[PDB]
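The structure under discussion appears below in the form of structure tokens.
Every residue, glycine among them, receives a Cβ derived from its backbone with ideal geometry; neighbour counts consider all protein chains shown. Since every read-out is calculated from the coordinates, none of them should be taken as a lab result.
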Number of protein chains: 2
Amino acid sequence: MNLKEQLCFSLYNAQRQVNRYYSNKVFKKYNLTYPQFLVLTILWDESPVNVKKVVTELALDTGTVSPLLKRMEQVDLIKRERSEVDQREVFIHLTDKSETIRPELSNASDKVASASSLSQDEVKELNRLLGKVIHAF
Amino acid sequence: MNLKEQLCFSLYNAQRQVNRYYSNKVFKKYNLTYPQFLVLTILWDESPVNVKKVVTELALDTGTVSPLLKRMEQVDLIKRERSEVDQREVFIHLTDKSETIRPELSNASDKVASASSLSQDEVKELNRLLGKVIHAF
């Protein structure tokens, strides 16, 4: 069969590739992991943010979020803060270390698009199709 | 910003989702992992195959293949065979256990496409765009 025609292989590999790249080009210089990277991405866009947003923007399950963020805190990448008004609410803050990394990975979703000869219309459609895959369940 | 517009998030999540689904719907019934699944996918299409093909169809690095296949062997999912003609050549065979799973996951790349309301043309383009992302480096 044609595996280029196999979405299962296409998705797996696309992501796999993009992670591979970044893992070498940057992640190691700072000891990051793709998801951690995504979190910072969210934080670089929004100074302090509610943990619930991280859980939303990523395929996070129960008690998978808390751990991830705990690790990032241990490594001074983010600072967590629990509300005094409702103690089950938690916010996330950028740290200076994570503020530093900003210039290196903030442009990411495009270093990609450019390195993939993807047009403005193509990217919009890719994200569109991927969207369908995402909510597909 | 719009994260739906963020390829980085789109790719990550798409795959993440598709794996999530299958991990629950099937993988557990047999104790599989996405890549292992991909390998079987290749084997279901080709009775015995050269390990080099697995390394090719997946983003496999050095000594990442050997381990993966070793595990699959330990669990009677595949049977490895080393050539007597050139001892660094190795072939992979389906086992009865893995032959059994065939009906459950052989259709996969489409259970997906269908569950994602993706047309024949859309799928072709998704795979196409993803292709660009893949060789993007």
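Below, the figures for the structure above:
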quantity: Label distances, nm, residue B:26 versus same residue in remaining copies, Cβ-directed 7 Å point; calculated: 3.5
quantity: Neighbour net charge for residue B:96 - beta-carbon separation under 11 angstrom, K R +1, D E -1; calculated: +1
quantity: Inverse mean reciprocal Cα-Cα distance (Kirkwood Rh) of the range B:28-130, Å; calculated: 14.9
quantity: Simple Cβ-charge dipole of chain A, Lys/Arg +1 and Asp/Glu -1, about Cα centre, in debye nearest 20; calculated: 480
quantity: Shortest-first nm distances, residue B:83 label point to equivalent points in other copies (7 Å, Cα→Cβ); calculated: 6.5
quantity: Local electrostatic count at residue A:29 - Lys and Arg +1, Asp and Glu -1, tallied over other residues with Cβ under 14 Å; calculated: +3
quantity: Neighbour cut-off at most 16 other Cβ (10 Å), DSSP loop, GluC sites (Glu not before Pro), the range B:71-137; calculated: B:84, B:89
quantity: Choice from B:24, B:127, B:107 showing the highest fluctuation, given a GNM over chain B with Cα pairs closer than 10 Å; calculated: B:127
quantity: Chain B, rotation onto A, residue closest to that axis via Cβ, with its distance in Å; calculated: B:15, 2
quantity: Cβ-based net charge around residue A:58, under 15 Å, with every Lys or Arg adding one and every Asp or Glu removing one; calculated: +2
quantity: 222 nm mean residue ellipticity, helices alone, for chain B (DSSP H n ≥ 4; -39,500 (n - 2.57); rounded to 500); calculated: -17500 deg cm²/dmol
quantity: Normalised contact order of chain A, rounded percent, pairs of Cα under 8 Å and 6 or more residues apart; calculated: 19
